[PDB]
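A short worksheet on the structure shown next.
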Amino acid sequence: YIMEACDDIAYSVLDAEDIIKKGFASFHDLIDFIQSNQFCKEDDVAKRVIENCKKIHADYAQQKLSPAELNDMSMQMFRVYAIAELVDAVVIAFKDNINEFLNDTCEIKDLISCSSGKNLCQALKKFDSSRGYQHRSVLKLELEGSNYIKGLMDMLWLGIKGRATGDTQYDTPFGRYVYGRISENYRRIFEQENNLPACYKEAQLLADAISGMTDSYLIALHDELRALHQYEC
Amino acid sequence: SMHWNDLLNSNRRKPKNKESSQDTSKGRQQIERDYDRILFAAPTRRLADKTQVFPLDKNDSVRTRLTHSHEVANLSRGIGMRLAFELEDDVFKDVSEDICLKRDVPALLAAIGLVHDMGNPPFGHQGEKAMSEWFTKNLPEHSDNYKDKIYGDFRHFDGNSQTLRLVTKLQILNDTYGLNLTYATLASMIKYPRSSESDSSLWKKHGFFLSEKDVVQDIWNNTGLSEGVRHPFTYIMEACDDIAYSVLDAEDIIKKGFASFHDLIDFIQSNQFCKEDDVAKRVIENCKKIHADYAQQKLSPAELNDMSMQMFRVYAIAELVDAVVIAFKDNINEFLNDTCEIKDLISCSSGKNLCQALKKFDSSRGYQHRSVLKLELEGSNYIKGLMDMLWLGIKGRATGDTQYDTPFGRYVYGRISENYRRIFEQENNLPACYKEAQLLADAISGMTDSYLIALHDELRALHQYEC
Amino acid sequence: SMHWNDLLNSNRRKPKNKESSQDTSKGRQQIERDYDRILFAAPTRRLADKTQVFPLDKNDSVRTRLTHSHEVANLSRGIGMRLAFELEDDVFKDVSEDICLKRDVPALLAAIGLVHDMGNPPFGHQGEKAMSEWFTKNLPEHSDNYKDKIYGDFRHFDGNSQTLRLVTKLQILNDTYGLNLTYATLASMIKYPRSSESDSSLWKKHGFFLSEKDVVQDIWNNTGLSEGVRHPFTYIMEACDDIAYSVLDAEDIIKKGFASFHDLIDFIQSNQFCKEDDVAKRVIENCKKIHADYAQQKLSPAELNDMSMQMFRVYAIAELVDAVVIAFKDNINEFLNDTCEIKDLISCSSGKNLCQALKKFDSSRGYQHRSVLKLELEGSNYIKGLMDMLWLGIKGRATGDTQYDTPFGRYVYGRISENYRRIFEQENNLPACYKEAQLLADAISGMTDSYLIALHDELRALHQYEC
Ligand SMILES: [Mg+2]
Ligand SMILES: [Mg+2]
Ligand SMILES: [Mg+2]
């Protein structure tokens, strides 16, 4: 529960900070979104964060700063205040509900919802979704990554399917090379004799191969095998 | 039969609420505010990126949609000032003193001239054809889904209906009011007062879509017009548009080098109907008289051709505008009748032969040039490819079928402008297939040439996996 | 002291000849004919290819020179209609009945608004700087050839003087009359009524070149103005230009994503002079009132920002126009005095603080953006390279020295427009170095950004052998 609460706090705060840094929004936009949010109008944590942010922003505009620098350090202060408040709320909620967490019949979905920073975290998640996750560039790169992943998965399945069931459509040179390109440990685990169904083993091999790759590695492998798949297509 | 009081109605469709501090009207008339709204609208600025006939990338001072619209607006404003300052007694009779003609008529004519080509599809007139062809292939008439005549709105897509939709309903705010223009302006925007559902011989094309039908009815109820009856100022706007077409397209043809001033002079002189036309004779004589003195000075052939065609433009525009004004003044009673059957104002004027000859010259020399045809084919290919690519993500969104749930389909749907999708997702009485086709038409019509090409290339790059 | 009869002179510099069949005036006033001449001029169409502040290649609906000129013309026309239809008694007194104010004043203001940025060099204001810098390096002040103050016309090159030259002398026909505008229009074009030879503290920049000095004198003799005295309508034109700058540049900044509506609201609220300004307070209150209702509906953040800034533009333009009109009406007697010392109309109005804050916001957010600075540097490099490359073929053509006789120099000279070279080769009293520098300035100023880049690349390719 503590790990999930920390992950959610990091998501909600640092993604908003990255959104402001990338120029998809501004500090004043986030302040207005928090102030006008339905559940954050009366939240004590949100009120304190907004007041502290404005108090620091007045003194911050006193000095001679560029708009980018002002936005950056204003969002740094917002990050500090929000992280402090959310961490304190999460710790208090965990301390208060420690008996329920230690029970064998615990039904709490998440620690944040039981804390006082629930509204602020929800508003930050909504802001991140509306401004950052649904941005045009983000959607375009998501589509590109989906295309890359699906192409690589089809190209690997051309050489993986049938390796355990018994059928031998993988014996093409491209299939053998594709199988050889997979990491050795994954194939060693796949070739082991266990009680898993053959189709399950093949699909698990593909999942392990795909999940272990980075973006650059996945793109490079996809391009290389696309170049090498020209004859069989 | 019709009264100028109803034809010049300054009321707006949106009901009145607003404190005095929010009053932005100032000393401006309502129709002047409509003109200002049209000028400051984003599509007006986007019109600069749309080609009229010839490519705009070359620095040959060709006229785009924005320049043509401004020229038409200027001509309409000049005609309006002539009507309101000199021919007021002959034209405007029994007009209430609450209407300031000197401030409304020129502003109204300029506003309707500026907005006449604001909702047209990109890539020029060919674009419309392409759209129609695409719909004719993708909304089959024999199919039960697209059997009704309403889908003709898309099989015979027209820029005027899309312009009315864009100025009345197609805005960011879905208030069904758009720019909230006055009733007189909206009535003058309707070029053909009929829909595809109705069958008429006076008007070939339809002037509004089914979705705007009720709105059009409201306009009629607030203007005194009816189905098949055209607002009197629409004739003036169409005459100005035709004059601008015939003259400035010829000027652009001469500038681009597809012909010369002497070629145009010979074509006009040898034309069957312009051999005895007084207007054509006067234009030719004035052109030759200026050209003799013009060749007296030391000028390059390009410079001589350019300024000779400038003089030709001046003389032709003056003669055609005078003829159009005279024809409108003479036939004012017929225009105000509820049973007016005049097709266009130019045909009733003395500049009919000159305008027809100029249109024939433009068609033979400019519109059928090899480069123009090649770019028209390229634009048609771009439009059809983009339409197929968007239909991959649009079809089934309203009917119920779920073939659009592919990642490419979702991204394609998300690439469409938010206001178009907001209108499409609204719950109305339109058929689902009609709503989907209207969404596609709105998406395609609102794009410029550069934007359309960029989107087509980007989505073609992103469509590689699913192909 | 000055009379509106002389300030609104409808006569033209070109002496009258012409049969009745050649009369193209029709029912148009002379100033209306001037507006039509300006609109149909080739530089007016070429203005669409020149960037105002931001690049025009992107389809972000940014405003170019043509759009900005049309907006300024519309604002000036609105102010003129307000003056001629409502404030006629307060402003126009002792005006002869032969002058139709309702048809001349709006037309005059629109014409001077449309032509105010017609002769400006490409690549925006930075272009001018680049030109000046180039001249400051290539026309040294210490040198005896370029020691006179007249060459300051090129060391402190201004777009207003080039615009006056282009509308008065720089045409295809070298008749020293150009478009042959009326005396009132020409008088209103002169923004700064002084030259570089004269030293004045009221006006920083010079308003006309040496070559046009006599022409300017003639204008004064036919208008009743004098050196250091500015036409009253020039104040209105400058106020409209400043309002359009301050408001529409901020709108373009918000549209381009360099800032947001809330950022502008906070900047206006926290501004030192806008904390207590009534106009700024009213604008902020109206913006927030509309923004609350606007956020009630379901809108994307981009759409909300866009229409919120549209509302801000509407309110700010209304308030600033009203303030400018009130200031002009109140100080009409001082403007008509021969010893007027008012620097600008906005400073005397109540919208001074709002306009200053908007200008500061535009400078801090838009004009000093990284992309804007990079494109300004690129344009400066292009302009300086083209100027050096042209000077290789221009220098010595009039003084007598023959270093230009290289094939590259001859081709470079031939690439210049024919009318510029025709004017340069004319035998006048201007010094040879002044004529050469004026030829270069006319060649550079008349080019668009795309044309300048294309010519620079082509001549760079053709200059490889001689380098
Ligand atoms: Mg995580
Ligand atoms: Mg047209
Ligand atoms: Mg300007």
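Residue numbers start at 1 in each chain; chains themselves are named A, B, ... in the order of the structure tokens; ligands are numbered from 1 in the order shown.
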Task: segment 195-373 of chain C: residues DSSP assigns to helix (DSSP H, G or I), reported as a PyMOL selection string - done: chain C and resi 213-223+232-256+261-270+278-296+301-330+332-335+352-367+370-373
Can those selected residues be exported to a file as a compact mmCIF listing (two decimals), in the first residue's frame so that it contains C-alpha atoms?
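The resulting file, part_34.txt, is shown below:
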```txt
# COMPACT_ATOMS: atom_id res chain seq x y z
CA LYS C 213 11.85 65.72 -50.66
CA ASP C 214 10.42 67.93 -53.41
CA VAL C 215 7.35 65.69 -53.66
CA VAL C 216 6.79 66.02 -49.92
CA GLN C 217 7.12 69.79 -50.22
CA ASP C 218 4.45 69.77 -52.92
CA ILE C 219 2.17 67.72 -50.67
CA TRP C 220 2.63 70.27 -47.90
CA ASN C 221 1.93 73.15 -50.28
CA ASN C 222 -1.31 71.44 -51.30
CA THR C 223 -2.33 70.40 -47.77
CA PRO C 232 -4.40 64.61 -37.84
CA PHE C 233 -5.45 61.27 -39.36
CA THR C 234 -1.88 59.98 -39.08
CA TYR C 235 -2.37 59.95 -35.31
CA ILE C 236 -5.47 57.77 -35.72
CA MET C 237 -3.63 55.46 -38.12
CA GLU C 238 -0.70 55.10 -35.70
CA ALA C 239 -3.06 54.45 -32.78
CA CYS C 240 -4.85 51.74 -34.76
CA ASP C 241 -1.51 50.20 -35.74
CA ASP C 242 -0.37 50.16 -32.11
CA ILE C 243 -3.66 48.63 -30.92
CA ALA C 244 -3.48 45.93 -33.59
CA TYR C 245 0.14 45.22 -32.68
CA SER C 246 -0.46 44.98 -28.93
CA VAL C 247 -3.64 42.88 -29.13
CA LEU C 248 -3.21 40.60 -32.15
CA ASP C 249 0.45 39.82 -31.39
CA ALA C 250 -0.61 38.66 -27.92
CA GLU C 251 -3.36 36.59 -29.51
CA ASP C 252 -0.82 35.01 -31.87
CA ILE C 253 1.51 34.33 -28.93
CA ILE C 254 -1.27 32.49 -27.09
CA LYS C 255 -2.26 30.59 -30.24
CA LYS C 256 1.33 29.50 -30.93
CA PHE C 261 -4.68 33.01 -21.32
CA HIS C 262 -4.12 32.71 -17.57
CA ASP C 263 -0.51 33.85 -18.01
CA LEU C 264 -1.70 37.00 -19.78
CA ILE C 265 -4.38 37.62 -17.14
CA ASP C 266 -1.80 37.30 -14.36
CA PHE C 267 0.64 39.56 -16.21
CA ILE C 268 -2.02 42.24 -16.65
CA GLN C 269 -3.19 41.97 -13.04
CA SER C 270 0.34 42.10 -11.61
CA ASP C 278 -10.05 51.27 -15.09
CA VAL C 279 -9.79 49.93 -18.65
CA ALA C 280 -7.57 47.03 -17.57
CA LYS C 281 -9.85 46.27 -14.62
CA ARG C 282 -12.93 46.18 -16.85
CA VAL C 283 -11.17 43.96 -19.41
CA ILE C 284 -10.03 41.53 -16.71
CA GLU C 285 -13.48 41.38 -15.10
CA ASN C 286 -15.21 40.77 -18.43
CA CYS C 287 -12.65 38.10 -19.35
CA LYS C 288 -13.14 36.25 -16.05
CA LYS C 289 -16.93 36.54 -16.28
CA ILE C 290 -16.92 35.02 -19.76
CA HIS C 291 -14.32 32.41 -18.74
CA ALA C 292 -16.45 31.04 -15.89
CA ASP C 293 -19.40 30.40 -18.21
CA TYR C 294 -16.94 29.15 -20.82
CA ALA C 295 -15.51 26.51 -18.48
CA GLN C 296 -19.07 25.42 -17.66
CA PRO C 301 -7.84 23.25 -22.93
CA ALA C 302 -6.70 24.49 -26.35
CA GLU C 303 -10.26 25.44 -27.34
CA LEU C 304 -10.89 27.14 -24.00
CA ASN C 305 -7.67 29.14 -24.28
CA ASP C 306 -8.44 30.07 -27.89
CA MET C 307 -11.94 31.41 -27.27
CA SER C 308 -10.94 33.03 -23.97
CA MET C 309 -8.29 34.95 -25.89
CA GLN C 310 -10.87 35.74 -28.58
CA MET C 311 -13.06 37.33 -25.90
CA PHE C 312 -10.03 39.17 -24.51
CA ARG C 313 -9.27 40.47 -28.01
CA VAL C 314 -12.85 41.67 -28.44
CA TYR C 315 -12.95 43.49 -25.09
CA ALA C 316 -9.46 45.00 -25.41
CA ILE C 317 -10.02 46.20 -28.98
CA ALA C 318 -13.38 47.74 -28.05
CA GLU C 319 -11.96 49.55 -25.01
CA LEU C 320 -8.85 50.78 -26.82
CA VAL C 321 -10.80 51.99 -29.87
CA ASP C 322 -13.27 53.85 -27.65
CA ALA C 323 -10.44 55.44 -25.66
CA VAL C 324 -8.61 56.47 -28.84
CA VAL C 325 -11.77 58.02 -30.32
CA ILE C 326 -12.47 59.92 -27.09
CA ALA C 327 -8.88 61.18 -26.93
CA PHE C 328 -8.98 62.32 -30.56
CA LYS C 329 -12.30 64.11 -30.02
CA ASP C 330 -11.07 65.85 -26.86
CA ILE C 332 -9.02 67.89 -31.81
CA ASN C 333 -8.11 71.57 -31.40
CA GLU C 334 -4.50 70.75 -30.50
CA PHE C 335 -4.22 68.35 -33.45
CA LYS C 352 -2.32 53.86 -22.49
CA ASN C 353 -1.52 51.55 -19.57
CA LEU C 354 -3.26 48.54 -21.12
CA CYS C 355 -1.51 49.05 -24.46
CA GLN C 356 1.88 49.46 -22.76
CA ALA C 357 1.35 46.31 -20.70
CA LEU C 358 0.31 44.38 -23.81
CA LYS C 359 3.41 45.60 -25.65
CA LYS C 360 5.61 44.54 -22.73
CA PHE C 361 3.94 41.12 -22.65
CA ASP C 362 4.44 40.68 -26.40
CA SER C 363 8.09 41.70 -26.14
CA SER C 364 8.85 39.44 -23.18
CA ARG C 365 6.95 36.37 -24.41
CA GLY C 366 6.87 36.52 -28.20
CA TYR C 367 9.50 38.85 -29.63
CA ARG C 370 14.17 31.39 -29.02
CA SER C 371 12.59 30.44 -32.35
CA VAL C 372 11.82 34.07 -33.19
CA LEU C 373 15.42 35.08 -32.46
```
Task: Residues of chain A within 9 Å of chain B, only C-alpha atoms counted, as number ranges by chain - done: A: 136, 139-140, 143-144, 146-148, 150-151
Selection above as a file: N, CA, C and O atoms, as a PDB file, in the first residue's frame:
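Heads up, here's the output in again-v1.pdb:
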```pdb
ATOM      1  N   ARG A 136      -1.171  15.768 -28.555  1.00  0.00           N
ATOM      2  CA  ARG A 136      -1.078  15.242 -29.914  1.00  0.00           C
ATOM      3  C   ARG A 136       0.225  14.480 -30.129  1.00  0.00           C
ATOM      4  O   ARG A 136       0.229  13.386 -30.707  1.00  0.00           O
ATOM      5  N   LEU A 139       0.132  11.125 -28.264  1.00  0.00           N
ATOM      6  CA  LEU A 139      -0.690  10.150 -28.972  1.00  0.00           C
ATOM      7  C   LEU A 139       0.016   9.627 -30.218  1.00  0.00           C
ATOM      8  O   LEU A 139      -0.054   8.430 -30.523  1.00  0.00           O
ATOM      9  N   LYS A 140       0.698  10.510 -30.953  1.00  0.00           N
ATOM     10  CA  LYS A 140       1.410  10.071 -32.150  1.00  0.00           C
ATOM     11  C   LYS A 140       2.522   9.088 -31.803  1.00  0.00           C
ATOM     12  O   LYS A 140       2.674   8.051 -32.463  1.00  0.00           O
ATOM     13  N   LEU A 143       1.026   5.737 -30.868  1.00  0.00           N
ATOM     14  CA  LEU A 143       0.656   4.966 -32.052  1.00  0.00           C
ATOM     15  C   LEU A 143       1.886   4.369 -32.726  1.00  0.00           C
ATOM     16  O   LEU A 143       1.864   3.213 -33.166  1.00  0.00           O
ATOM     17  N   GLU A 144       2.968   5.146 -32.821  1.00  0.00           N
ATOM     18  CA  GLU A 144       4.195   4.626 -33.418  1.00  0.00           C
ATOM     19  C   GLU A 144       4.745   3.452 -32.617  1.00  0.00           C
ATOM     20  O   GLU A 144       5.165   2.438 -33.190  1.00  0.00           O
ATOM     21  N   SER A 146       3.025   1.445 -30.644  1.00  0.00           N
ATOM     22  CA  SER A 146       2.118   0.318 -30.822  1.00  0.00           C
ATOM     23  C   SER A 146       2.381  -0.390 -32.144  1.00  0.00           C
ATOM     24  O   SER A 146       2.403  -1.625 -32.204  1.00  0.00           O
ATOM     25  N   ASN A 147       2.586   0.379 -33.216  1.00  0.00           N
ATOM     26  CA  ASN A 147       2.899  -0.227 -34.507  1.00  0.00           C
ATOM     27  C   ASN A 147       4.208  -1.002 -34.448  1.00  0.00           C
ATOM     28  O   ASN A 147       4.294  -2.130 -34.949  1.00  0.00           O
ATOM     29  N   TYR A 148       5.237  -0.415 -33.830  1.00  0.00           N
ATOM     30  CA  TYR A 148       6.520  -1.101 -33.700  1.00  0.00           C
ATOM     31  C   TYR A 148       6.365  -2.407 -32.931  1.00  0.00           C
ATOM     32  O   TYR A 148       6.871  -3.456 -33.350  1.00  0.00           O
ATOM     33  N   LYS A 150       3.642  -4.258 -32.344  1.00  0.00           N
ATOM     34  CA  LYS A 150       2.841  -5.261 -33.037  1.00  0.00           C
ATOM     35  C   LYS A 150       3.604  -5.873 -34.206  1.00  0.00           C
ATOM     36  O   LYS A 150       3.535  -7.089 -34.430  1.00  0.00           O
ATOM     37  N   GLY A 151       4.342  -5.054 -34.961  1.00  0.00           N
ATOM     38  CA  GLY A 151       5.142  -5.598 -36.044  1.00  0.00           C
ATOM     39  C   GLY A 151       6.207  -6.556 -35.549  1.00  0.00           C
ATOM     40  O   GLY A 151       6.385  -7.646 -36.101  1.00  0.00           O
TER      41      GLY A 151
END
```
- [ ] Check the smallest atom-to-atom distance from each of C:155, C:230, C:65, C:45 to chain B using only C-alpha atoms, then report the winner.
- [x]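 Among the listed residues, the smallest separation from chain B belongs to C:45.
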Task: Interatomic distance, atom CA of residue 161 of chain B to atom CA of residue 202 of chain B (Å, one decimal) - done: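 Computing the Euclidean distance for atom CA of residue 161 of chain B and atom CA of residue 202 of chain B yields 17.3 Å.
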- [ ] Quick one: everything within 12 Å of residue 10 of chain A, counting only C-alpha atoms, minus sequence neighbours fewer than 2 positions away in the same chain. Send it as an NGL selection string.
- [x] :A and (3-8 or 12-18 or 79-80 or 82-84 or 86-87 or 121 or 124-125 or 128)
TODO: Report the distance between atom CA of residue 428 of chain C and atom CA of residue 170 of chain C in Å, rounded to one decimal place.
DONE: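 Going from atom CA of residue 428 of chain C over to atom CA of residue 170 of chain C covers 14.9 Å.
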- [ ] Do a neighbour search on segment 2-10 of chain C at 6 Å with only C-alpha atoms, toss out local chain neighbours closer than 6 positions, and write the hits as a list in words.
- [x]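 Here the qualifying residues turn out to be residues 182, 183, 184, 223 and 336 of chain C.
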Using the selection just defined, write its residues with C-alpha atoms as a compact mmCIF listing (two decimals), in the first residue's frame.
```txt
# COMPACT_ATOMS: atom_id res chain seq x y z
CA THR C 182 -4.94 62.25 -53.57
CA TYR C 183 -3.12 64.93 -51.60
CA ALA C 184 -4.97 64.03 -48.39
CA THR C 223 -2.33 70.40 -47.77
CA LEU C 336 -5.41 71.07 -35.85
```
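Candidate residues B:109, B:454, B:225, B:345 were compared for distance to chain C, and the nearest is B:454, using only C-alpha atoms.
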Open item on the list: What does the structure give for the distance between atom CA of residue 84 of chain C and atom CA of residue 105 of chain B, in Å to one decimal?
Closed with: 16.8 Å
TODO: May I have the residues within 10 Å of segment 182-184 of chain A as a ChimeraX atom specification, using only C-alpha atoms and disregarding those fewer than 6 positions away in the same chain?
DONE: /A:156,160,190,205-206,208-210,212
Output file for the selection above: C-alpha atoms, as an mmCIF file, in the first residue's frame:
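Okay, this is what ended up in selection.cif:
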```cif
data_model
loop_
_atom_site.group_PDB
_atom_site.id
_atom_site.type_symbol
_atom_site.label_atom_id
_atom_site.label_comp_id
_atom_site.auth_asym_id
_atom_site.auth_seq_id
_atom_site.Cartn_x
_atom_site.Cartn_y
_atom_site.Cartn_z
ATOM 1 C CA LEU A 156 8.811 -13.037 -33.766
ATOM 2 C CA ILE A 160 8.110 -18.939 -32.320
ATOM 3 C CA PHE A 190 11.137 -22.022 -22.880
ATOM 4 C CA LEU A 205 8.458 -16.765 -24.543
ATOM 5 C CA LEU A 206 7.135 -14.005 -26.799
ATOM 6 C CA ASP A 208 9.395 -12.282 -22.110
ATOM 7 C CA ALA A 209 11.212 -11.349 -25.320
ATOM 8 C CA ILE A 210 9.088 -8.245 -25.904
ATOM 9 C CA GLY A 212 12.757 -7.165 -21.835
#
```
TODO: Please provide as a PyMOL selection string all residues within 10 Å of residue 140 of chain C, with the sequence filter that same-chain residues fewer than 5 positions apart are discarded (counting only C-alpha atoms).
DONE: chain C and resi 135+145-147+151+155
Open item on the list: For residue 176 of chain B, find every residue with an atom within 10 Å (counting only C-alpha atoms), except residues of its own chain fewer than 4 positions away, and show them as a list in words.
Closed with: residues 13, 14, 165, 167, 168, 169, 170, 171, 180, 212, 215 and 423 of chain B
